[PDB]
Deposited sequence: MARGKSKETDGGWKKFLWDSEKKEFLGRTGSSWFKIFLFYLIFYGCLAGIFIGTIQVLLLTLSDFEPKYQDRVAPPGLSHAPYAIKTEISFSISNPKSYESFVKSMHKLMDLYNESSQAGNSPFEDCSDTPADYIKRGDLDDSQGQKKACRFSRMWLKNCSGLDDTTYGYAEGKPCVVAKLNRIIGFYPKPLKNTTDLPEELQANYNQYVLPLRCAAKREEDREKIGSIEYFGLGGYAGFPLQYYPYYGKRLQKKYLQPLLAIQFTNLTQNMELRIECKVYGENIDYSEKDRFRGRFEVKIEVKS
């Protein structure tokens, strides 16, 4: 033929069949032992998610949400993702004492449901009403963005203490139980309005620590609705929403490390 005879062509096939078969069987074996060394409830390493990311619902083309108020299908793209998220926080999804629980309607302290063990059933998560998100189809004019803190197993988000000076200096400082979120731009051509649990501009600490998908399915993380009823129009406004805390940090590279990058433009 090309290389060899039929007899040789066969033998080279019988070899590579057994050979690659063995190699596949060995590869699988090493994957088995790897998995055997891992927990079902907690990942081996968590230093790469460490400082929590802050992500929002409006799917930004490039950290930007520009549209026209005087146009219907101009914002119907951002309403798709906005709906996708809030559709999960339905009351019909949170039914019965299992696996949900009614928690303080005001920001409270942490809740420990034991260890990362299966020695108990599904760890009961705090309910969250999308109805706590006042004012927010969504904002056809002047968007109503929804913030979110990235989930990390066993992470206890710790707010800053009012020992020294603060950006939003001491205003509504629920020091003990709220992780604040203050959006900014100089360039003050807007109108910041925050909505959340208990009416506070933060995340209620009663939703922590997260026990993971395996130990807490259907779990709901707290949301923070933000509305920009800015009196300006037809210009790119670089708005940055920042979260503050002891376990919260940022990076010049990762522009989502505990903060937002939104470029709103109501070009109408």
- What ranges of the deposited sequence are left out of this structure? 1-24, 161-168, 218-222
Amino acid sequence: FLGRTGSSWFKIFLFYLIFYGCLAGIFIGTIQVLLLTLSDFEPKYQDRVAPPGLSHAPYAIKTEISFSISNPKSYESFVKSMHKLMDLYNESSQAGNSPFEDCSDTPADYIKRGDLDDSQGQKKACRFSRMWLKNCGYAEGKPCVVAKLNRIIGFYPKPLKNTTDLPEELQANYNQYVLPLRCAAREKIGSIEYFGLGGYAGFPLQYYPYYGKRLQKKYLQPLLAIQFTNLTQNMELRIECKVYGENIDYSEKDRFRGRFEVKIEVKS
From here on, numbers count along this sequence of modelled residues.
- Note on the structure: For 149-157 versus 85-93, entry-based mean Cα B-factors point to 85-93
- Item | Candidate set 45, 228, 41, 27 [ranked by C-alpha B-factor, highest] | 228
- Query: Comparing residue 67 with the other modelled residues of its chain, is its CA B-factor in the lowest, middle or highest third?
  - Reply: highest
- Ordered by C-alpha B-factor within the chain, which third holds residue 218? Give me lowest, middle or highest, please. lowest
- Considering only modelled residues of the same chain, in which third does the CA B-factor of residue 237 rank: lowest, middle or highest? highest
